């Protein structure tokens, strides 16, 4: 910055925290459905995309 | 520096993460950097949207 | 048997991981699913019969 009149540098360090959950209480639920077929292969299904 | 044409500095990327415990089963992939299961089909144009 | 609707299958390949979805006139979705999977050489979990 001392050595450049028409270009400047900047530097900054910032923290963050972020709360984990739906803020609507009832949304915090999840289901899954699992089948094992007779060859032993497994098909998993769950509510997420 | 005002007279200088834009110049690319070369990239440097470092990723640091934790190894899984030494004797964890090879079949237990939790904690391992397993690629997205569909990435190969995405790269091939086979993944269906 | 002379069921009025004769045998019929529609098979839809999905193009991914050997998956296939079939619409079938069958009393036996399970063996349909597993015989299709055996012929194709893929896990039964790839095959959906409806």
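Residue numbers (the entry's author numbering), protein chains in the order written: chain R, 988 to 1036; chain E, 544 to 592; chain B, 741 to 790.
For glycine and all other residues, C-beta sits at the position ideal for the given N, C-alpha and C.
- With a threshold of 16 other beta carbon atoms within 10 Å, residue 784/B meets it and is buried.
- Here the stretch 753 to 769 of chain B does not lie against the stretch 1006 to 1015 of chain R, with fewer than 3 beta-carbon pairs under 8 Å apart.
- In the DSSP assignment, residue 564/E forms no beta bridge with any residue.
- By the rule that beta-carbons nearer than 8 Å mark a contact, residue 589/E touches chain B.
- Cβ contact annotation for residue 996/R (same chain, cutoff 8 Å, sequence separation greater than five): 988, in chain order.
- Only those residues of the stretch 1016 to 1036 of chain R whose C-beta falls short of 8 Å from the nearest C-beta of chain B are listed: 1022, 1024, 1025, 1026, 1028, 1029 and 1030.
- Separation of residue 558/E and residue 578/E (C-alpha to C-alpha, rounded to the nearest whole angstrom) is 15 Å.
- Less than 8 Å divides the Cβ of residue 758/B from the Cβ of residue 782/B.
- Neighbours of residue 988/R in chain E, taken as residues at a C-beta separation under 7 Å, are lacking, since the least C-beta distance is about 11 Å.
- When the Cα atoms are used, residue 780/B and residue 1018/R turn out to be separated by approximately 32 Å.
- Among the bridge pairs identified by DSSP, residue 749/B is matched with 764/B.
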